[PDB]
Amino acid sequence: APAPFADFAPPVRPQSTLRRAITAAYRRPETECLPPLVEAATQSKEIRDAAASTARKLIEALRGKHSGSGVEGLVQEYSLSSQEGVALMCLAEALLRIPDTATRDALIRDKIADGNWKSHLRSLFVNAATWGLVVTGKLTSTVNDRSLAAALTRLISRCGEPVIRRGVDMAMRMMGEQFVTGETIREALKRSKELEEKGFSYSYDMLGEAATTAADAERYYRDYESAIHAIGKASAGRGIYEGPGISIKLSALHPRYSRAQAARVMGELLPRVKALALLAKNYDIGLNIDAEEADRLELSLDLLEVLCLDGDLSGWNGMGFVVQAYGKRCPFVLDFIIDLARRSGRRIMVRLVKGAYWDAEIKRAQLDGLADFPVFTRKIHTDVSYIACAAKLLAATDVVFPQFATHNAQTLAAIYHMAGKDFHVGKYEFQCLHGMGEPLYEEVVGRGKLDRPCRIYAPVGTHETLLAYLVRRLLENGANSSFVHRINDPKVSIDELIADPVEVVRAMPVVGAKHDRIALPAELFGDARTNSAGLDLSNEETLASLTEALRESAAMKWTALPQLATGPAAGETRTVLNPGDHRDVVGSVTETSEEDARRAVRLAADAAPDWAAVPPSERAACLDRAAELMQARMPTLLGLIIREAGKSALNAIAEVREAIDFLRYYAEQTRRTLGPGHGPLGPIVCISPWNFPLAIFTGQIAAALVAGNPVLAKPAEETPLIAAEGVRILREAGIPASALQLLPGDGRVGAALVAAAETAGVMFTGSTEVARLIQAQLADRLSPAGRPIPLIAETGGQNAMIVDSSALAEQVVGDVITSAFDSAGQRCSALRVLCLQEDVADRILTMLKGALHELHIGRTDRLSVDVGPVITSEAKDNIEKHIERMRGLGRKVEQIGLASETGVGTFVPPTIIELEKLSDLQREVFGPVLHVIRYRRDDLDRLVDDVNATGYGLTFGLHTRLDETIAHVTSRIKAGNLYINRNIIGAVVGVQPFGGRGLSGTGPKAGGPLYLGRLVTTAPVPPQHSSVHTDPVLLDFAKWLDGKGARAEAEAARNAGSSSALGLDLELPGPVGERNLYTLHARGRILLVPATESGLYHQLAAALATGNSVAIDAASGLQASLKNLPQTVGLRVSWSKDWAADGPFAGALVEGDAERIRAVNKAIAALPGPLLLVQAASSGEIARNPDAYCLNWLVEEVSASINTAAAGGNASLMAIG
Ligand SMILES: Cc1cc2nc3c(=O)[nH]c(=O)nc-3n(C[C@H](O)[C@H](O)[C@H](O)COP(=O)(O)OP(=O)(O)OC[C@H]3O[C@@H](n4cnc5c(N)ncnc54)[C@H](O)[C@@H]3O)c2cc1C
Ligand SMILES: NC(=O)c1ccc[n+]([C@@H]2O[C@H](COP(=O)([O-])OP(=O)(O)OC[C@H]3O[C@@H](n4cnc5c(N)ncnc54)[C@H](O)[C@@H]3O)[C@@H](O)[C@H]2O)c1
Ligand SMILES: O=C(O)[C@@H]1CCCS1
Ligand SMILES: [Mg+2]
């Protein structure tokens, strides 16, 4: 067997001194980056004055020829509102999808103008967010398609064919001549002659990036190759400076362009770039490598190095490379490139830009919990960085060819004067973007201006292809901080535009301070708690240190023992094997006898007073100390999780982060809530699943402990070692051994603990079928006070994602691959059923299957592994039996081929199964098996019914740009965690409180504010837990009670209406570019089992105040107590003689003495389907205690996470500069 982690993440090449200086700056604090840049960018007073004078002259010329835009003139002529202008351009876009010009004009004249555009023309408004930027300058992430439809009807009925004609002509010009230089490379070359005669040059961009499949990458390759021929033929020997060149993106040329797949990149991507470069060499044209995301920078340097040292490319100086001045590594990258140019003798063309992905870099660093950003956070810092790096490049013009890409007249003027009076073509150049920079550079190019050349970056492509690049440009043009936006702002003076960023930064009190309004990832939650920290698996220093820590973790002799209050106990011992390779022994577990499990509960009960007496603040301090210990131990914990549970490094990082976040969140919630009157339940049994073997394990135990309960921790039999280490950490943090006992073993140990007389509460996460067995055990039992033993049972899912024809296929496929196959589908949240609108299903399926075949399955101690094993041979057999049954029914089955190395472990290949109906699924299949169904748009409401009809309700995803569809689907779906335009596996503690309904859970949600209150006898009021809304049926019921003379019950009903938090609607703090919402809804239909009239009235008031309907036990004989109900109340009331026929219920309220409660609890447990959260009270308790039935457990929590950056950028951060 290969030694564990012996090949985890070896670098492409040994890191030179220059390469290590780059990596060292990756996330350097901003206050350290700026001082050396300020020093390097300093120019003399005489030059600063001359540059300000040049910049003013350029800006005065720009403002003096600035004319109104074509769209603005169109809006003016026809008095359009903003929505009308957007709707008009969407219509024009759709009309231009009709090729035959005469056919289009016939449709306009005889159909569109005459009225119902709906009857003749995929939503018309799929790209309205883009047109919104064009019309209004603002980015909206989703489209209000009902507003746009109304606006289009209004404008057509008001203005007729003439406005439609003007819109079509405007859109045809912008999409054919402004957003691109041409539709094809031949068209773009024909249009370039005019400005080349004026002294400009060109670099053509065949719009293309982020290949998803091998076929995508092949298509982009032959596009680049065909463009090089056309450009080279046109260049006709003009050479690399006067003649045109090409720009490429490495992400276009391989579907797995990432550091994790570096070996594939060097083996498969590099030869393709070399082949393109050889053709560019033969024509003697430039070939530029564009810069992309920050985690691709250093990888791209390995390709640049090999290409510049390759003798087959010698004699050609056209290789070019972009460096992004908004990045903290920029000057060190330039040092590396300048040295590479010296070593190779290649005069590398270096394009200095600021950078195009700023919003996304802020979001990514926050999501990943990294130390700092890889980009600056103040715009002026990027400006100083640019000028500092320009000074470095201008000192090296013998060795490199600097290309200064900017539309900022202040930046340009500073460099023009920095470069001085000696110039020749080939020394350096400026660059600009087509349709953006020509007004500025027509004041620069030419003997009559500044006599410096400019190369125009010219996008080339069809209307369809122009997508992502266009929104990046329009974001750029619209950002409050952008020069091209400020030049048009009449409130911004020329003196403000020519302000010298170098001197402004120098004069600030704290030079280089982070932006005040952008939180470091550690500070996402402010004073509430410290965010967990992750690890950057693109950082070579991190990979090197992690490799050592992982190897060291694999040499440790991990054990798990029955850790009773009195010390470790003896038992049956066996080895724990790596699921990816059974030859790899990870450790040993000693399992707990049923006798010792019962003994542990008795020890827990004897120790309960001593732990309850530890004040809540000190219990929370133990949790916070445990979190610090797990954070410090993360690399070792990663290694154990990788080998014991079959997790990849990325997934193990997320797992340890979640454990840290649980500890800190429950600690803070404790400090916000728990006081002397919130008494503990007593010994709590925590039974946890194998698949999140540290995070869910820790979360349940931490919550029970901090609420003052001693815990019996029973980890899954598959994953005892990481559980034992978590208990060791909690004990080191100060949790006494009597308060936290570890009982390894199988379900027999869990059952023995559940059944023990002193067990006062059970926290279960696992399969629905096991939860039902525990529900049956507990229905036999009552507390010493005669009440049900509280059970939190968080169970399985049958999770769907709905995708309509407005979604972006590339986004969908990435989120589907992650949601369905991450962790080999062994997430309770994993995507099980993908629902594709019929019109786009074939294209998305083709793309999905292509992405599937790029996944690497194997033992997870290699960074290049995407999908690990399933946990056991029994799990594998159960999953494969499902796949074969489906294959036997003739369903299409797509499967990855598995390498021979997988035979030593238990692997199932990622699988796509195309189904005909959702009813083709019976139970959760906990493996890498995605089911695909198709639907017609008009059947969307029925499809949501079908998703709800499974009885599950855990996670749910929707990909759409259309507000009407978002409103429709999210109001009708019944699931606990919703996700819009993102993956569906998010469970960030305190951000997406996690947990579902129906067959998926009882609640309350883990990682949410109602959780701790379930673990004490009297629940506290959670932070922010209130609602000003009163249920109207409750109000009608209270009036009916008063009319019947039941004055005390009517008062209790009004009080319940006020106390209810139904209607709570909050936004939770989290990362930028996401909205995370938390809401309280009705649970559904509550089963009422009353004994007395007053008890019935109290039960009904509690259920109605929380928005529920009820089914009342007809055997109570209390029908005559509810005569003459208002129709509003009657609609919510039914009577049930056969409870099993009238479900599923969403909870129950029971009145009676102890043996009546026990009898009813058994009858409720026998009902088919979901576990019911039952609350019971005696008649006397209802009389004495207004909170006899707690309203916390009669509402349902819903979490919704919306990716607001999905349209291609972040509107909120556009105002942050
Ligand atoms: C010809 C050409 C080629 C280009 N090629 C690439 C490329 O391959 N890869 C790439 O990533 N970019 C590239 N760019 C740059 C990018 O597309 C933008 O055009 C450029 O960043 C805008 O800078 P500016 O000097 O025109 O305008 P300015 O208004 O002076 O500067 C705007 C820039 O400031 C930065 N910024 C904004 N807010 C903040 C903030 N709060 N904190 C820190 N920085 C901030 C951003 O980089 C933003 O784009 C290219 C640009 C041109 C003209
Ligand atoms: N809703 C959530 O938040 C969530 C999270 C993770 C996993 N899950 C669900 O958990 C399942 C996968 O985890 P698993 O395979 O470890 O679940 P499982 O039901 O097989 O076992 C979970 C735990 O119950 C114990 N157990 C088994 N039989 C028992 C019995 N008769 N009495 C008492 N305890 C018994 C097991 O030993 C284990 O500790 C999946 O169905 C998944 O959907 C849900
Ligand atoms: O948005 C983009 O594509 C960047 C700007 C020009 C090339 S890289
Ligand atoms: Mg099991």
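Key figures
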| item | result |
| --- | --- |
| Diffusion constant of region 321-466 at 25 °C, which comes from Stokes-Einstein with the Kirkwood Cα-pair radius and 0.890 mPa s, µm²/s | 149 |
| Calculated FRET value between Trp1135 and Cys1190, using beta carbons and R₀ = 22 Å, to 0.05 | 0.35 |
| Pairwise label distance in nanometres, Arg447 with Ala570, each label 7 Å out on the Cα-Cβ vector | 10.3 |
| In nm, spacing of pseudo-spin labels at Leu889 and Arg551 (7 Å Cα→C-beta vector) | 5.0 |
| Efficiency of FRET between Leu1125 and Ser1058 - r from beta-carbon atoms, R0 22 angstrom, step 0.05 | 0.50 |
| Computed Kirkwood radius, in angstrom, where 1/r is averaged over Cα pairs of region 670-745 | 12.6 |
| Net charge contributed by nearby residues that have their C-beta within less than 15 Å of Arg583 (K/R +1, D/E -1) | -3 |
| Convex hull volume per residue in cubic angstrom - Cα atoms of region 382-502 | 135 |
| Region 591-718 - Kirkwood radius from inverse mean 1/r over Cα pairs (Å) | 15.4 |
| Centroid-to-centroid separation of region 698-761 and region 80-107 [C-alpha atoms, Å] | 65 |
| Reachable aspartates and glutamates, given that their alpha-carbon falls under 18 Å from the alpha-carbon of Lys881 and they are not under 8 places away in the same chain | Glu894, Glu914, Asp920, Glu924 |
| DSSP bridge pairs, the chain: antiparallel proportion in percent, nearest 5 | 25 |
| Net charge dipole size for region 314-396 [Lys, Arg +1 and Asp, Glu -1 on Cβ; Debye, nearest 20] | 260 |
| Amide H contacts of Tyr202 (H built 1.01 Å from N, under 5 Å, at least 5 apart or other chain) | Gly245, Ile456 |
| Cα pair distances in region 543-653, grouped into 10 Å bins until the bin that holds the longest one, percent each | 12, 29, 32, 23, 4 |
| Label-point separation, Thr462 to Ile518 (7 Å along Cα→Cβ), nm | 3.7 |
| Around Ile498: net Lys/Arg minus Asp/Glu count, Cβ-Cβ under 12 Å | -2 |
| Inter-centroid distance (Cα atoms) of region 599-635 relative to region 778-810, Å | 27 |
| Entries of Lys392/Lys491; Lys193/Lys354; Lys974/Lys1162; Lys138/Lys249; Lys281/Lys849; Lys45/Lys354 with Cα pairs more than 32 Å apart | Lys392/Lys491; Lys281/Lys849 |
| Cα-based Rg of region 1138-1189 normalised by 2.2 N^0.38 Å, two decimals | 1.20 |
| Student exercise, region 748-879 dipole from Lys, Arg, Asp, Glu Cβ charges, in Debye to nearest 20 | 560 |
| Distance from region 402-481 to region 263-303 (C-alpha centre basis), Å | 23 |
| Share of pairwise Cα separations in region 143-205, more than 12 Å, in percent | 75 |
| Within the chain: Cβ-based charge dipole about Cα centre, in debye rounded to nearest 20 (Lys, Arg +1; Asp, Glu -1) | 940 |
| Calculated over region 111-236: convex hull of Cα atoms, volume per residue (Å³) | 172 |
| Charge-dipole axis of the chain as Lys and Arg at +1 and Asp and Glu at -1 on Cβ define it, positive-most pick from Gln631, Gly986, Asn1076 | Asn1076 |
| Cα-based reach from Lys190 at 20 Å (exclusive), listing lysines while leaving out same-chain residues under 8 positions away | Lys198, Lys233 |
| Relative packing of peptides 553-562, 1082-1091, 666-675 - highest average C-beta neighbours within 10 Å first | 1082-1091, 666-675, 553-562 |
| Taking the convex hull of Cα positions in region 1-139, its mean projected area over all directions (nm²) | 20.8 |
| Region 1147-1155 - phi-based ³J(HN,Hα) in whole Hz, Karplus 6.51/-1.76/1.60, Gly and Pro as x | x, 8, 10, 10, 10, x, 6, 4, 6 |
| Additional length obtainable on full extension of the chain from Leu1066 to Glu1093, 0.36 nm per residue less Cα span | 6.0 nm |
| Per-pair calculated FRET efficiency, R0 = 56 Å: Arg728 and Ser314 via Cβ, rounded to 0.05 | 0.40 |
| Where the Cα pairs of region 738-805 fall when distances are cut into 10 Å bins, in % | 17, 44, 23, 8, 6, 2 |
| Long-range amide H partners of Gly1001 with built H, under 5 Å | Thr795 |
| Order by protection proxy (mean Cβ within 10 Å, highest first), peptides 285-296, 1179-1190 | 285-296, 1179-1190 |
| Dipole-positive endmost among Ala716, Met319, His1098 within the chain (Cβ charges, Cα centre) | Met319 |
| Long-range amide H partners of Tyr935 with built H, under 5 Å | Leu836, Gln837, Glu838 |
| Integer Hz, Karplus 6.51/-1.76/1.60 couplings in order for region 127-141, x for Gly and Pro | 9, 5, 4, 5, 4, x, 4, 5, 7, 10, x, 9, 9, 10, 5 |
| Backbone HN-Hα couplings from phi across region 62-68 [Karplus 6.51/-1.76/1.60, Hz, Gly and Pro as x] | 5, 6, x, 9, 4, 9, x |
| Base-10 log of normalised Debye intensity for the chain (one unit scatterer per alpha-carbon) at q = 0.04, 0.09 Å⁻¹ | -0.25, -1.18 |
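FYI, it's all coordinate maths here, none of it is from the lab. Neighbour counts are summed over all protein chains in view; Cβ atoms, including those assigned to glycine, are modelled from backbone coordinates with ideal geometry.
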